[PDB]
Each structure stands twice: as structure tokens, then as C-alpha cells.
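Participant: sequence below, structure please.
(chains A, B, C, D, E and F, ligands or ions: 5)
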Amino acid sequence: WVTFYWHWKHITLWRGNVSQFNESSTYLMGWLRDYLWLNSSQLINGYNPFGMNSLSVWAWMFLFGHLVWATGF
Amino acid sequence: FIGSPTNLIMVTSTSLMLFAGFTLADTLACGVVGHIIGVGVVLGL
Amino acid sequence: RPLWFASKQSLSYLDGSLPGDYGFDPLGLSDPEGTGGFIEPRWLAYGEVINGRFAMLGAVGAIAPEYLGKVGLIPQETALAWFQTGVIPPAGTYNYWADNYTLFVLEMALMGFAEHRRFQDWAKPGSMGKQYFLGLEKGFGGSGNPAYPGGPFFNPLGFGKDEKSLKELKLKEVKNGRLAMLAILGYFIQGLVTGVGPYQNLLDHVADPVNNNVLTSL
Amino acid sequence: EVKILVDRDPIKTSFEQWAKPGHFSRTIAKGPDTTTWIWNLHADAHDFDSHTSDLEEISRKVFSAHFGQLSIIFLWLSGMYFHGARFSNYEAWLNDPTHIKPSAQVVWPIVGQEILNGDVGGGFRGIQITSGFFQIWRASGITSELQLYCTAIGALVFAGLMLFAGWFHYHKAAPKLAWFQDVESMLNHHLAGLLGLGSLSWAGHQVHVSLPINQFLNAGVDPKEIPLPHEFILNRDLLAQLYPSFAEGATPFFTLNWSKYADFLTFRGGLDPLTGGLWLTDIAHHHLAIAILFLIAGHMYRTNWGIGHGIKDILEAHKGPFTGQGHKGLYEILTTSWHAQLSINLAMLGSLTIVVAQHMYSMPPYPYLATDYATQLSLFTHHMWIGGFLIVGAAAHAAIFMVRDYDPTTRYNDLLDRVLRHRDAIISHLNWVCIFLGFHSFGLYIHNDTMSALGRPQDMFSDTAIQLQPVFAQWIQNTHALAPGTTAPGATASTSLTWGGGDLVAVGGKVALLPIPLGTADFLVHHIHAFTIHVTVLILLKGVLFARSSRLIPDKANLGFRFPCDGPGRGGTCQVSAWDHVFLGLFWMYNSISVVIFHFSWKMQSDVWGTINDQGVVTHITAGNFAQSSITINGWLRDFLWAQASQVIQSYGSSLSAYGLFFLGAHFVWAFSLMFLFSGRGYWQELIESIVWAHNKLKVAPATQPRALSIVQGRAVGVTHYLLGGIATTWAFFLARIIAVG
Amino acid sequence: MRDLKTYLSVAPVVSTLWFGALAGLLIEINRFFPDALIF
Amino acid sequence: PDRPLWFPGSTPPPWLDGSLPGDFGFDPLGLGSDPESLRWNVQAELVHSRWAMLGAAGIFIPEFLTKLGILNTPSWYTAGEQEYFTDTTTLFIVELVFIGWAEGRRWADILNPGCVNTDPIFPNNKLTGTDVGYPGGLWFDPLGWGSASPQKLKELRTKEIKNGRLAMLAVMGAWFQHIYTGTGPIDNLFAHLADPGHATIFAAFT
Ligand code: CLA
Ligand code: CLA
Ligand code: CLA
Ligand SMILES: CC1=C(/C=C/C(C)=C/C=C/C(C)=C/C=C/C=C(C)/C=C/C=C(C)/C=C/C2=C(C)CCCC2(C)C)C(C)(C)CCC1
Ligand code: SF4
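Facilitator: Residues are numbered from 1 along each chain as shown, chains lettered A, B, ... in the order given. Ligands and ions are numbered 1, 2, ... in the order given. Take a look at the structure below.
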């Protein structure tokens, strides 16, 4: 929660629209859609059926984390 | 209707089935089976 | 006694004690083993008697207007088929003194008393004589036999005074009842296949037996 | 001598037992000392075996219980028809099925929930339904709300009758054990009377009511202007105008001139081009034939007359060199144990619901169903879930038989014994095949992800690299497509458009069905399915086969069916009970069904569904990305989940907002289960000790001592909230997605 | 009858009736005094 | 112990001896099986009976005179929705305090037979009622007909309770009839007398 908070508030700061955070953080659909769902666009596109870029590492690591987590389950 | 291929096939089927080879259940059974074989043959031809 | 489609099971409990006993029960409905609810020998006997009496009334009632109308003793407006009287409105209606549903309420109103009391003689034979009822409870005392109450109301002509006559009349009653029940069933299916009255079916059969037949009319 | 056997007034009807909670159990009836009591009261409520040893009383209880269930279902149907009549847009929908969304629920205007009443069309505001009742009602020939009302009244009456039947057959006239045990008669009556007369009489409604009214609707005539159903029975002239066969009445039937009836009894196959559903003539013929089959099938078993087979004879006749005595002894088992029966019937009914899902997607039986994507997706997913659950239940009750009813000293069977004597081989082999399957299915996905990430798409398993073609399935497709010409001459078209060859059926600009291509991606997902199913089977079967004993716990049977463990000894023996195997098997069933419904959703949205332009240009909902995207986990993560969750996550402020709320709520419940699944009751008990102290300090400590949930209940609550959460999540996702982009 | 009353006084029934009454109350209040954010 | 029953041939419930006015052994749901419940239900049936008799007279007597040239009072069904010298709510408040007082003292009487027989202002005046549901005194029994032999009391109270049942059914009938037909009860009576064959309930529902 604390790192989510810090990161979202700061990303909205650096992007130049703190109103994004100010309006969307008041409800959990806002955190899910405007923080999590949005900021993964480039991440999940590290590699795709068309090609790959320098973010493929982080996509692969993203999935790696999901997998390890579930094995934990 | 009497004398038609379907009629002959049916009556002969029921007859042959009833002949084999006795209670009411037996006559009902043999009758139904004779009718089934009869319809099968008739439509099969 | 003569038997009619009997079996070991059937003959084990059917001993010619009931009128019309030909040992016919190929399914064993009257088997005294494991009885309850409405599957019980006594109740099934009573039920046969009632369905039989009512079917005796109905087998005549369904054919009389059609006959008397085909003769001329009654007007043609009331010479309707049994299904055209308003019993089945999309098949025919007739305008009586009252509405069909109103007449139905009246019917259920009278039949309600006549039947509820009759049942109360089955559940408690001694009743229907103790409770006041315009002094009619005296003739509604029953007789120990639910199906055959008798008395001044139901048997004013003093029939069945002796045993050999009573059992004979019971036998005749049961036979006539069964014939009438098959007659009603016949009315239903014949009417359902021909589209005309049963007496018209009879006339058409008498006229041309070979051509007017079940094998012909589909 | 098969006959009606009944005891008169076995149990007096009184509210006395209502005022005594837990009356059925001598332990629970005494009252609560701790809170645990409460939970127990509900856990053992329907465990009639733990109530009595008498098979008869149990049988009666289950019979009346069934009557209660049927009553509930009739009340449910009553509700659906009534809501279809009073709170719906059904008539409007009849007027324009292709551009009106089916709705039969409206909400009251408080706290803003009024927004849920959306624009479904027909000048109506409400919740869009995805149950598919409208297409059923149209198929049945219903045109007015009045008929729906009448059907509702009928269903309510039937609910009353079923309830009364329950009370009657428990309290007044309760059948004897011999009656329930008449399995030859029960089978005969259920084959001939239930299914046979059922589909026969239904074929009656179809031929006399469905066919004509639907012919009119398809012709285009206004529903109100269409003749009432009874008229087609009264006036045969109308049917004769529609189908001239009726001019000859039932004569061609008895004279065996059945060819004359080819007007309304056809064998075309495929789908009706102006409705996207199977031909109703084909359906009527289908039900007629089925009726005949079941009717003759119901005359197989011997009852009160010489003719007929004996079940025990057929069973005792089948015995080989490998199996010894064979199926001898099984009749006695299956005529004295409810749990064995429940196992078999659950397995088969579940499997049936699954085949129903598949067959209903690939052969749309209702008019204007195939183009109602929401309804199709919903039906498939729903019936798939029901199926999986029923199957897991089959495992549960198989194991329950194995613990409570199995007795080789009185009711021995050779097959079961031989199974038990090599259970180690069975389970070890299943284990191996599961590891192999897992590697050679999921490992392909990870392989692809890695190659794709490393910039080596030419090293992937795909249609454009290392190909893994479903040759066998493709061959079956081709064979089934060429069948109408060769091995099924009387058939005009194929049984389904989905086969490898054929045209394309579209309705109202939407694609109803088309040939479904199978490539490497499909090979992959199918092997995933095989894998997950095999694992689920591994868990459950291991659970039932070692329910009685193992090398670890030689006397496990004495511990019962449901128990937490046998202590931390032997290294630790948690989850050794068959119940715990049902518990794990549930998670794996969830897994399998989840990936199955994802498979269906993506495949349908990608290669089948979509709009069709003039001249034949088809634009799919996700533009055929499946073949290239579903070959990596990242593809599912991004192109399926991430991409399609859009509709659910931005559904706020609209009529679909309830799906967003349920999305979040389901995620929450799912996470909430993890607290129960990951923890243990010792911690909770000590915490409860402290809290209890706090309550004592203020003189508010309850007499019923607050207790932490049992280990088993912790597991049950865990898996229940896990399933509810996950499934409801996919529910909201699916519905919002398909309703918005459909 | 006393037994039926005892049953009606059991925990789940009591809870259904109590929370039913409460639900009704809160609903009607929120219908008459809607959109309340203050007081 | 020996009395005519609602259902001839049936055994009356144990709690219905026949010592109660209007006892015909009718309680198929056993709503009066408990003594206190039976007693409270007796009082409730009393007040229901009397209010419904007053009501039945109050809607049938004026409506019958309204049909003639005697009166011109509006329909009983719409007599409430009209305006009076003051708002209906004020009338309702006064009704609540007055009837609240009366019903208060009567409630105290039901829960404690003796405590409410004396006048709080003037202790000279008292009520001579022996059993509850029958207050007596000068106010409620000025003709002294309330105190007599147990036979006459049985008979009179039986008449009271029966006319009460008939009245309850009559008022309910009036309500439902005005809901269905949309006219007065007398209009319905005359319509039915004119044509009992068709002018019934099925003259609108079918
Ligand atoms: C209507 C009058 C009536 C009365 C007074 C009784 C009284 C009795 N019944 Mg009987 N019975 C009746 C009607 C009645 N029954 C009906 C209509 C049926 C068919 C269902 C039965 C079938 C039946 C069986 C099989 C058994 C009894 C038993 C009993 C005895 C104990 C049951 C008990 O106390 O738990 C009272 C139970 C409840 C108060 C719960 C009701 C559960 C409902 C019906 C299930 C549906 C709820 C549904 C899921 C809603 C959930 C919504 C949501 C919250 C999820 C008691 C003497 C038991 C017995 O005799 O044991 C020796 C027994 O085994 N009855
Ligand atoms: C064919 C239908 C069927 C029937 C008649 C039975 C009957 C039985 N089962 Mg079986 N079973 C079935 C299918 C069936 N089962 C299925 C489909 C599964 C897979 C899930 C199982 C898995 C299973 C297990 C693991 C166990 C049983 C047990 C039992 C016995 C006790 C049941 C009981 O008293 O619980 C009382 C009923 C409840 C407590 C109902 C609550 C269940 C959850 C909480 C409801 C789920 C929430 C709902 C979906 C939505 C909630 C909305 C809202 C309220 C929040 C009883 C003989 C138990 C036994 O001991 O057998 C001897 C047992 O341990 N069953
Ligand atoms: C998503 C996390 C996850 C993973 C990876 C697994 C994996 C497995 N579970 Mg499952 N399980 C899980 C979640 C998971 N589970 C959860 C949440 C539960 C609670 C319900 C369970 C409860 C459960 C039960 C009841 C059972 C299993 C079983 C299994 C095994 C099935 C056989 C198989 O397919 O092996 C193949 C292995 C895989 C598919 C994993 C990935 C393999 C990778 C890609 C290979 C990597 C190559 C190489 C090794 C890399 C080394 C690098 C290193 C040297 C640096 C498999 C190891 C079953 C079993 O043991 O049957 C044999 C079994 O009965 N699990
Ligand atoms: C010897 C003698 C005689 C004779 C006898 C006879 C000749 C008998 C016969 C009998 C018979 C001759 C019987 C028959 C029967 C039949 C039946 C009973 C049938 C049935 C059928 C069915 C059931 C059908 C079914 C079906 C359908 C409906 C459709 C689909 C297909 C099928 C086919 C499946 C006399 C008596 C004179 C005298 C003594 C001596
Ligand atoms: S279940 Fe809890 S108690 Fe039983 S063994 Fe595993 S840990 Fe120890």
C-alpha cells in the first residue's frame, strides 16, 4: 500500500497532472484502473507477436513474479 | 389397404413373431416386435 | 367363480368377496400389502363404485339430448352434442339462465355439502346423524357400509331386503358401472377422433359398417 | 413381485422439533457449550447417514428432500416466467430480436441504483438478461405476456404440488425400502415414462404449436396478428396451409407412408439462414425419434412378467481372465448404498452438462441465440462450471461410500478389490502422466515466452515457426464436413457450421457461425485441458483409493471421511482425509474450468464472432489474434485479460456498473479466502482468548464460548470464498465484456 | 404454537426479521431524506 | 361439551370446551391452543366484532337511505378523501388521544381485570362488569341487560359474536366490492337481485 501510494502520487506529479491521483485515488476502481491497468501498457508490450524491445526483461520478470507467487500459493 | 406390400409385410411379421416359439404380455411383446420389424422392413424397401 | 385375466398375486387377495370379483388386477393395485393414502382395497372398491355410478349417469346424459333431438321430442336448440353444451367453450357454447362459471360455483356449492358429508360417513360412519341438519340427519345415518348407505333418502323403495337379492343387485350395479365407464371413455376418444356426436357415429356405423370405421377415420 | 409398498404415518407432524435445534443428532440436540455447535448444526444437517443406521428412513428423507428441491425449482421457473411477463421487454424483442437486448429485471429507484436500469431497447429500461429465456419462449411459440403469466401460475401450482408431495411421502405415506430398491422398475419407468413420454409429448407441442407459430414469425407477420396456438389444433386448415401433410391426417403414419411427413419432419442439418438456429423441423423429428428410442429402451428390465433382463444377471455374466469374478456383487452394492449411486450419477450428470455446453455452442438450438453472444458465452461458462462441480461431488461421494459403506466381508466385489490391490500403480502412473503433460503443455508456453522475449520468434511453437498441427482434429473436421455427401446421404448440410468445410451463417449483420480453424494454439490449449483434467483426476482418485488406508496411515478408515489429519507425527499428516482431497480437487477444477472458459471466450471473440459486411467481409471482435497471441502467457496477460478487462473497469457511471462493483467485490472475497487458507486456528484461538478477556472485563462475555473455526471448516470457508471470488470475478469480466462489445 | 413461537425466536429468524425491519427503515428514511451527506 | 360444530363429524380441539360464547370448535390452525393466546384472541374478536358491526351499519344503513330520497351522503369508500371543517389529520390526532385513552384503560383491564373499574376524578362512579370484555356500569350498560343468568349471558354474547362475524365479513365484502365493481354496495345488491345469473363476480373478471 505505501509503495503503491508513493509511486502513483509521484508518477502523477512527474506527468504534470496531480488531478489524476487526486480524483482517482478516492475509490478503489481508480487505483485498479488508473494506476495498475494504465501503467502496465508499455510493460506488457516488452515482447509481443510483432517484436520486442528493451522492456522484454521487465515483462518476463513480471510474469516470473506472478508464477513464483502462485507456486507459493 | 388390404393386399398392399406394407400390409402383407406387417401382418406376416406380427404372425411370425407371435408364432415364436402363452400370456397377454407375450402377445403384446411379440406384437410390438413384429410391428417394429415390419416397419423396419417396409421402410427399408 | 369364473376368472378374467387373473394371477397368483391377484387370486391371493381377491377371493370373490366383492361384487364383480373376476380376479382381475394384473398390476396389483388392491394388494393389501403396504397400503396407505389412496392405494387401499376398501377405498379402491368405494372409488370404483362412485366412478361407476357417476359414469352410469353420464353415459346416458351425454347421449340423451343428441338422441331426443334426432327424434324430435326436444327442440333443436337443446339438441346439442355433449361437448357442445358449454363444457368445452371453444367446441360450443349455450346461453343458459346463468353464466357457465357462475353455474360452476353453484355446482361446487351443492356438491360441496353432498360430497363432504358422504366422506364424513367414510371417515366416521356414526356421524351425519348426530349434528342437526333440518331434521335430515335421521335419514343420513348410513348403514355401516360407506358405499351402500340406504335409508329413507337413498333407498325409499326398500330394495335388497334379502341377502341373495342384495348381492345380486350389487353385482349388476358393478357390471353396469364398468360398462358405463367404458362408455364414457368411448365418448371421449370417439368424439376426439370423429368430431361428431357418439350417436351420429352409431348412425354412421349402422348405415355403412365397412366404410364408417375406426380404421377409416383418422 | 414389484408392487407399491408404503408405511402409513411414520412420523407425526409437529413444530416440536422446530423448537429444538439439532434434533436429528443426539450430540447436537443437547445444546451449545461453545460456538462450534452452531457450525456443526449446519454441517451435519443433510448427512442422513450420521442420523440413522436404518437405510429405509434415510431413503424416505432423501425422497422428500428431492420433492423439496423440485418445489424450489418450480418456484424458480415460476419467477422467471412471471418476471418475463410483468417486468420485461419480451414482446418488443419479438418485434425486433436483432436490435433489442433481452431484459427481464428492473430495479427500484433508491440510493441511485436506478442507473442500473439501462437502455435495452423496446422503449424499456432495465437489466439485460443473459439466461436465454427469450429465445426459448420464442421457440416454444409464446407471443404474449398472458401466456407467460399462465405458465407462471402453472409453475407455482406445481411448486405447491411438489411441496405437498414431500410432506405426504414423508409424514403420511412413506415408501418401503423394497420400493426404493426396485431398480429394474425404476429404470423402466424413467426410460420410458420420463424421457420417452417427455420428448414424445414435447414433440407434440413442437409439431402442433412451435412449427406453425415460428413459421409465421419467420414470415414476418406481427406476433399479435399471428393465430393463437389452439387454432392450429382446432383448424387443421392452417397447418395444412403451412405443411400440406396434415391434409392427409394421421393416415400416412399408420399406413407407413412416412415419406409424406417430410414437410415438417426433416433431416437437413446445419442452421436456418434466417434465424441462426437449428431447423425446428429437424428438432421435432429429433424428439420424435428420441421418444421412440427411449420408449423401447424402457422395456428392457424384468418386472412383474417373465420378459425382461435382470440387472444382477447381466452383471454376473461379465467376468474375464484379468478380472476374475468381474461385476458380481455390484448389484447389491448399488442397491444398498446411496453414496455409490450419487457418485455415479454426479459424474455422469456433470459430464452431461459439459457436453451440453459444447453442443449448445456449436449447434445453436434456439432462434436468435447464436447472435446473442452474451447469452452464448454465459450459457457455455455456466454449464461448464455446474459440470465441474458435479464431477468433484462425484469424487466426494465415491470416497464417502469408500469409508462408510464399503464392507468386503458382507458385500464383496472383485473389480473393486483388484483396483485396491494395485492402487499404487494407478496413482503413480497418473502422477507421471500428469508431470509429462504439464511439461509438454505449459513448458511449450514458457518456451514460447522465452524465445519471444529473446528476439527469437522463429524458435517458437507456432503456425509461423515450429508447427504443431492438430492433424487428427482437422481430419475429424474434414470427415464431418464431407459426411452429408458420403456416410450420411439423407442429410442436406453438416450437423454444425464449425466443421472444417462449409459456408457461413449470419443473422442481422452478425456472424452466427462459421468453420472453426484449428492450429498450433489449439493443440496447445487442448493439451493444457488434458493436463488440468488429468491432475484433477489424480487428486480426486488418489483421495478415494487411499480413503481407507495407506502405508502412512494403516487405519485411516476409522478416522472417518472428514477429519483434519492424524497429527504432526510421521513427519506430518495434514490433509490425509478424502475430504481434503475433495478440497484440493476443487481448486484444480476451478483452474481447469477457468482456462476452459477463457479458451472459449478468446476463440469465439477472435475467430468466430464479429460483424459481417456486404460482399462477405467478416470483421471479428478481436481480429483473429488468437493464433498468434495465445501461444505465450504474456499474450493472455495482455491481449486477453488486460485488453478485455477494459469494459469492466470503465463500466462505472453506466448500466453495467454493477459488474464493476462485482469485479472488485469478487477480487476482495477471493483475497479474503487466503486468510483462511494460509493460516491455522491456534493463532485465532489465542487472539480470541485476549478478546474474551476484554469482554469479561466489561461483563459482556457470552455463555456460548467463542471458539475459532475447526481446521476443516477453515479449509471449507477458504475454498468456498476462493471459488466464489474467482468465479464471480470471471463472471463480471465476461458479462461486462460481452455485453459492451457485443 | 408455543413451539412455533420458540422457532420464530431462534437466532436466524430473529436476525432476518430484525435486519429486515432495519433495512425497511433505512430505505424509507433514505427515500424521504435522500442524498444526505450532512447530519 | 355437547354442541353443534363448524365441521360435522369432527372432534373439536381440547382447548375449546364450549363454555365460551361462539364456540363451534373452529380453530384448524390452533391459534388459540395456548390459554393466554385464546383469551387475548377472544378480546380481539370482541372489539373486531363491535367495530365491524358499527362499521357495517355505518356503510350499509346510510348507503341504503342514500339510494332513496331520505339522505344524500356520499359513498362510504370516498367519504374519507374529502375535506371537513378542519384537516383530517387534526381529527386523526384527537381520535388518537381520545380512543387512545379508552383503549388504554381497556388494555389495563385486559392485563389486570380489576384496576380500571373506578373513575379517577369521581370515586363515586364505578363499573359493574364481572368478566373482561364486558365493562357494564352506567356508561356501557344503562339498561342493566349486561347482568343476568349465565344462560342469558351465553345466548346474548353468542348473538353478539355471531352478528360480529357477519359484520366483519360484510365490511370486508364492501371494501372488495367497491374495489372491483366501482359502485356502492346497494347498487351491487340491486344488480344481483335484478339478474343473479350473470350479474355476479364473473361479470367483470370473465
Ligand atoms: C408444513 C408443515 C410441517 C411440519 C410442522 C413438519 C415437521 C417436521 N418435519 Mg417435515 N416435511 C414437510 C412439512 C412439515 N414438516 C414438507 C413440506 C416436506 C417436504 C420437504 C417435509 C419433509 C421432511 C423430511 C425429509 C424430514 C422432515 C422432518 C420433520 C421433523 C423435524 C424437522 C425440523 O424440525 O426442522 C425444520 C426445518 C426447517 C425450519 C428448515 C426448512 C428448510 C427448507 C424447507 C429448505 C429450503 C430453504 C431454501 C434453501 C431457502 C434458502 C434461502 C437462502 C437463505 C439461501 C418435524 C416434525 C425430519 C424428521 O422427521 O426427522 C426425524 C426429516 O428428516 N420433514
Ligand atoms: C447431487 C447433489 C448432492 C447431494 C444431495 C449431496 C449431499 C451431501 N453432500 Mg455432497 N457434494 C456435491 C453434491 C451433492 N452432495 C457436489 C457438487 C460437491 C462438490 C462441491 C460435493 C462435495 C461434498 C463434500 C466435501 C461433503 C459433501 C457432503 C454431503 C452430505 C452432507 C451435506 C450437508 O449436510 O451440508 C449442509 C449444506 C451446506 C452447509 C450448504 C452450504 C454450502 C456453501 C456454504 C454454499 C455455497 C455458497 C453459494 C454458492 C452462494 C452463497 C451466496 C450468499 C449466501 C453469500 C450430503 C449427503 C459432506 C459429507 O460429510 O458427506 C457424508 C461433505 O463433507 N459433499
Ligand atoms: C502456479 C503455480 C503452481 C505450479 C507451477 C504448480 C505445479 C505443480 N503442481 Mg500445483 N498447486 C498450486 C499451484 C502450482 N502448482 C496451488 C495454488 C495449489 C493449491 C490448490 C496446488 C496443489 C496441487 C495438488 C493437489 C497437485 C499439484 C501438482 C503439481 C505438479 C503437477 C505435475 C506437473 O505438471 O509438473 C510439471 C511442472 C510444471 C508444469 C511447472 C513448470 C515447469 C518449468 C517450466 C520447468 C523449468 C525448467 C527447469 C526445471 C528450470 C530449472 C532452472 C534452475 C536449475 C535454475 C506441478 C509441479 C500435482 C502433482 O504433484 O502431480 C504429479 C498434484 O496432485 N499442485
Ligand atoms: C389363436 C386364437 C385366437 C387369435 C388370436 C390372435 C390372432 C391374436 C392376435 C393378436 C395380435 C395380432 C396382437 C397384436 C398386437 C400388436 C401391437 C401391440 C403393436 C404395437 C405396435 C407398436 C407399439 C408400435 C410402435 C412404433 C411406433 C408407434 C412408431 C415407431 C416405430 C414403432 C414400431 C416402434 C382367438 C382369440 C381368435 C381365439 C383363441 C385362439
Ligand atoms: S493439521 Fe494442523 S494440526 Fe493437524 S497436523 Fe497439520 S498442522 Fe498439525
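Participant: every contact and neighbour count from this point should use C-alpha atoms.
Facilitator: OK.
Participant: tell me which stretches of chain B form helices.
Facilitator: B:5-19, B:24-44 (DSSP state H).
Participant: got phi/psi on residue D:132?
Facilitator: phi 90, psi 20 (degrees, to the nearest 10).
Participant: against residue F:144, how distant is it?
Facilitator: Residue D:132 sits at a distance of 74 Å from residue F:144 (criterion: C-alpha to C-alpha, to the nearest Å).
Participant: quick one: residues contacting residue D:634.
Facilitator: By C-alpha atoms under 8 Å, 6 or more residues apart in numbering or on different chains, the contact list for residue D:634 reads A:44, A:48, A:59, A:63, D:449.
Participant: just residue F:118 next, same as before
Facilitator: Applying C-alpha under 8 Å, 6+ apart, one finds that residue F:118 lies in contact with F:124-127.
Participant: so which of the residues you listed reach ligand 2?
Facilitator: Among these, no residue is within reach of ligand 2 (C-alpha under 6 Å from any ligand atom).
Participant: closest to ligand 5 among those?
Facilitator: residue F:127 (75.3 Å; C-alpha to the nearest ligand atom).
Participant: which residues in the stretch 401-550 of chain D form strands?
Facilitator: D:505-507, D:510-513 (DSSP state E, counting those that start in this stretch).
Participant: leaving out sequence neighbours, find the closest residue to the spatially most central residue of chain F.
Facilitator: For chain F, the residue nearest the mean C-alpha position is residue F:49 (2.0 Å; C-alpha atoms, centre = their mean). Spatial nearest neighbour of residue F:49, chain neighbours left out: residue F:164 (3.9 Å); criterion: C-alpha to C-alpha, 6 or more residues apart in numbering or on different chains.
Participant: next, give phi and psi for the one you found.
Facilitator: phi -70, psi -50.
Participant: okay if I get the helices of chain B as a markdown table plus distance to ligand 4 and mean neighbour count?
Facilitator: Converted to a markdown table, these look like this (distance: least, C-alpha to the nearest ligand atom, whole Å; neighbours: other C-alpha atoms under 10 Å in any protein chain shown):
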| stretch | distance to ligand 4 | mean neighbour count |
| --- | --- | --- |
| helix B:5-19 | 6 | 17 |
| helix B:24-44 | 4 | 16 |
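Participant: can you tell which of those helices is closest to residue D:270?
Facilitator: Proximity to residue D:270 (C-alpha to C-alpha) singles out helix B:24-44 among the helices of chain B, at 25.2 Å.
Participant: okay, the angle between that closest one and helix B:5-19?
Facilitator: Using axes from the mean of the first three to the mean of the last three C-alpha atoms, to 10 degrees, one finds that helix B:24-44 and helix B:5-19 are set 150 degrees apart in direction.
Participant: quick revisit: export the contacts of residue F:118 as TSV, with columns for secondary structure and neighbour count.
Facilitator: Converted to TSV, the contacts of residue F:118 look like this (DSSP: H, G, I helix; E, B strand; the rest coil; neighbours: other C-alpha atoms under 10 Å in any protein chain shown):
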residue	secondary structure	neighbour count
F:124	coil	8
F:125	coil	14
F:126	strand	16
F:127	coil	18
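Participant: between those residues, which sits nearest residue D:412?
Facilitator: residue F:127 (85.9 Å).
Participant: residues touching that closest one, list them.
Facilitator: Residue F:127 touches F:117-118, F:135-138, counting by C-alpha under 8 Å, 6+ apart.
Participant: may I ask which of these has the most neighbours?
Facilitator: Sorting the contacts of residue F:127 by how many neighbours each has (other C-alpha atoms under 10 Å in any protein chain shown) puts residue F:136 first, at 22 neighbours.
Participant: from memory that one sits against residue F:129, does it?
Facilitator: Yes - the pair residue F:136 / residue F:129 is scored as a contact, 4.6 Å apart, by C-alpha atoms under 8 Å.
Participant: where do the contact lists of those two overlap?
Facilitator: With C-alpha under 8 Å, 6+ apart, residue F:136 and residue F:129 have common neighbours residue F:146.
Participant: surely residue D:561 is in contact with residue D:582?
Facilitator: No - counting by C-alpha under 8 Å, residue D:582 is not a contact partner of residue D:561; they are 10.6 Å apart.
Participant: quick one on the thing from earlier: what's the closest of the helices of chain B to ligand 1?
Facilitator: helix B:24-44 (37.6 Å).
Participant: secondary structure added to the contacts of residue F:127, as JSON lines?
Facilitator: Shown next, in JSON lines, are the contacts of residue F:127 (DSSP: H, G, I helix; E, B strand; the rest coil):
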{"residue": "F:117", "secondary structure": "coil"}
{"residue": "F:118", "secondary structure": "strand"}
{"residue": "F:135", "secondary structure": "coil"}
{"residue": "F:136", "secondary structure": "coil"}
{"residue": "F:137", "secondary structure": "helix"}
{"residue": "F:138", "secondary structure": "helix"}
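Participant: closest one of the residues you listed to residue F:169?
Facilitator: Nearest to residue F:169 among the contacts of residue F:127, with distances taken as C-alpha to C-alpha, is residue F:135, at 25.6 Å.
Participant: just to revisit the earlier point, could you dump the strands of the stretch 401-550 of chain D to TSV with mean neighbour count?
Facilitator: TSV is the format used below for these (neighbours: other C-alpha atoms under 10 Å in any protein chain shown):
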stretch	mean neighbour count
strand D:505-507	22
strand D:510-513	25
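Participant: closest one to chain E among these?
Facilitator: Set against chain E and scored by C-alpha to the nearest C-alpha, the strands of the stretch 401-550 of chain D come closest in strand D:510-513, at 43.2 Å.
Participant: so which residues on chain E come close to chain F?
Facilitator: Residues of chain E found near chain F (C-alpha under 8 Å from any C-alpha of the partner chain) are E:1-2.
Participant: and the residue nearest the centre of chain E?
Facilitator: Note: chain E centre (C-alpha atoms, centre = their mean) maps to residue E:21, 2.0 Å.
Participant: just the helices in the chain please.
Facilitator: All of this refers to chain A. So, for chain A - with DSSP H - the helices run A:2-15, A:18-24, A:28-30, A:41-44, A:56-72.
Participant: hmm, no, I was thinking of chain E.
Facilitator: Under DSSP H, chain E gives helices at E:2-8, E:11-32.
Participant: give me the number of residues near the residue of chain E found nearest chain A?
Facilitator: Closest contact between chain E and chain A, by C-alpha to the nearest C-alpha, is at residue E:37 (16.1 Å). Residues lying near residue E:37 (other C-alpha under 10 Å) number 5.
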